[PDB]
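I have placed the structure first, in the form of structure tokens, so that the comments after it can refer back to it.
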Amino acid sequence: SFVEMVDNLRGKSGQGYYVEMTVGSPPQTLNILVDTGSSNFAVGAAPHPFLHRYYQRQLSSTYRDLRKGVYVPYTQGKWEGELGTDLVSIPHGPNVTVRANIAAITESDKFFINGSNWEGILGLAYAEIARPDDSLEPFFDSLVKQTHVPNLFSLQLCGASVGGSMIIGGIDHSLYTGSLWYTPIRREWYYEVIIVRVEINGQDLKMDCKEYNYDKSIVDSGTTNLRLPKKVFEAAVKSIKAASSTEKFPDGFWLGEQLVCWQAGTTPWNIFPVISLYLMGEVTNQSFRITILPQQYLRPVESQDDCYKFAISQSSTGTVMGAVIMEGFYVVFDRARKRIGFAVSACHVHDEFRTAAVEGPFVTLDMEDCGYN
Ligand SMILES: CO[C@H](C[C@H](O)[C@H](COc1cc(F)cc(F)c1)NC(=O)c1cc(C(=O)N[C@H](C)c2ccccc2)cc(N(C)S(C)(=O)=O)c1)C(=O)N[C@H](C(=O)NCc1ccccc1)C(C)C
């Protein structure tokens, strides 16, 4: 039942959304970071200063050694470990147990986060970007093949410590308002999408739409920020800076290195612009937009001051639509129909005079020119 899966995600602010899972026989309970930017299911399997628990392969009767090493690099960090298979279930997911590939993490560099409360990672993207190669079947592929769970999952990330829902095998209509707007998954590797237009406070950024997707645009639950290609990032900061030029910020703030603080409850939300990302739609020459509020990209960092970090950052590997984007929305990863749905979520962040919105339809000619090759 879908109700059993509502509120199945937890986390600390700025530290990651995790789901509870069990590995092995008898079941070993671990908290697992939900990550749509990768395809490897991996858990801590050796003592680590940031870990309070880990996977103990010697305690599992259903553990099978695959006799093969693996390393997975990410933008922020990396780990290496030993491949194996074991029985896996999700307590607040579908009522099933599957045999899935698990990477037992033996060492890592800047991977685990101190106090984050998660001990592993669930890579939900496709086999193509799985390590060591595409022959290592991702967890969700194993779930769908072994059970009758439909080939779809949705993520409701609630920011505003942190919580939300991962509905596995379907769409829970009580978790969003309005209608769902779908953008094609361009290629089945990352959850790749095409951004066709960008507006800041209703003003078109007016760049060649290829720049927005240079060299790719992905939807990623494992990344905190809205990450933008160099040229786009610089055009965005220039606009946000112009709009908030009334107030005083160190320029290291715009790089995410320093915080800005305000007397508690006096945050000048009005001076920071809304950002609209127009995504390719389902029919010819059609797009739709998703609008984010400053409350999404100015993230509260925990005195009676309200202090924030600028959570729009630069990237040299394309646009990353991280938690900044996803937190406003109920996001449907419709793998069966090769599309990603966006709707305003029931736990959307509140501005007094503005709203996070999913709106359409829009006309956009030559949308296929926006994809980078
Ligand atoms: C495409 O981007 C993905 C990024 C992933 O989603 C990974 C998966 O998650 C983690 C989380 C960690 F704490 C550490 C870590 F090492 C990974 N995410 C990140 O690398 C990442 C996590 C975070 C981050 O703080 N994540 C925490 C858990 C979070 C998530 C959601 C909400 C709040 C907190 C931040 C960033 N940024 C750079 S930032 C500051 O936002 O701009 C990046 C990726 O790197 N995928 C891999 C990849 O492309 N590797 C190629 C590569 C990249 C870099 C270097 C060499 C090779 C493959 C496995 C598919």
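No Cβ is skipped: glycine too gets one built from the backbone with ideal geometry, and neighbour counts run over all protein chains shown. Numbers and lists here come from the model and the stated rules, or from a named source; none is laboratory data.
Observations on the model:
- Just one of the numbered conditions (1) within 11 Å of the ligand (Cβ to nearest atom); (2) assigned by CATH to the domain that holds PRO300; (3) acidic (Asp, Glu) is not true of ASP172: (1).
- Elements of the type strands (runs of 3 or more DSSP E) sitting completely within region 1-42 and holding at least 1 residues that are more than 25 Å from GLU80 (Cα to Cα): these cover 9-11.
- All of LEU365, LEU298 fail the test of being in the same structural domain as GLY170 (by CATH), over 18 Å from the mean Cα position of the chain (by Cα) and hydrophobic (A, V, I, L, M, F, W, C), apart from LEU365.
- Meets criteria (more than 30 Å from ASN270 (Cα to Cα), more than 16 Å from the ligand (Cβ to nearest atom) and of a type outside the set (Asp, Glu)) for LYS216: no
- Unique residue being surrounded by fewer than 16 Cβ atoms within 10 Å (Cβ to Cβ), more than 13 Å from the ligand (Cβ to nearest atom), assigned to a loop (DSSP other than H, G, I, E, B) and of a type outside the set (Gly, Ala, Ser) when the list is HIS148, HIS92: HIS148
- Checking each residue in region 219-254 for being away from the ligand (no atom under 16 Å from the Cβ), farther than 30 Å from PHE333 by Cα and of a type outside the set (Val, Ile, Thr) picks out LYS238, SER239, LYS241, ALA242, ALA243, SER244, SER245, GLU247, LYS248, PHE249, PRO250, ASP251.
- Test: residue in region 327-337 that is closer than 28 Å to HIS173 by Cβ, assigned by CATH to the domain that holds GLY164, within 16 Å of the ligand (Cβ to nearest atom) and acidic (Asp, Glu): yes
- Matching residues in region 218-259 - criterion: being in contact with a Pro (Cβ under 9 Å, 6 or more places away or on another chain) and crowded, with 21+ Cβ neighbours inside 10 Å: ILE240
- Taken over region 106-145, residues that are assigned to a strand (DSSP E or B), surrounded by fewer than 19 Cβ atoms within 10 Å (Cβ to Cβ) and within 11 Å of the ligand (Cβ to nearest atom) amount to 1.
- Spans of strands (runs of 3 or more DSSP E) in region 264-373 with at least 1 residues among the polar types (S, T, N, Q): 275-280, 286-292, 312-315, 319-321
- Among the criteria (1) surrounded by 14 or more Cβ atoms within 10 Å (Cβ to Cβ); (2) within 16 Å of the ligand (Cβ to nearest atom), the one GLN76 does not fulfil is (1).
- Any hit, region 154-177, residues being surrounded by 21 or more Cβ atoms within 10 Å (Cβ to Cβ), over 15 Å from the mean Cα position of the chain (by Cα) and among the polar types (S, T, N, Q): no
- Of all residues in region 178-209, those satisfying the criterion of being more than 23 Å from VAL34 (Cα to Cα) and surrounded by 17 or more Cβ atoms within 10 Å (Cβ to Cβ) are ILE195, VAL196, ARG197, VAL198, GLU199, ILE200, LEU205, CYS209.
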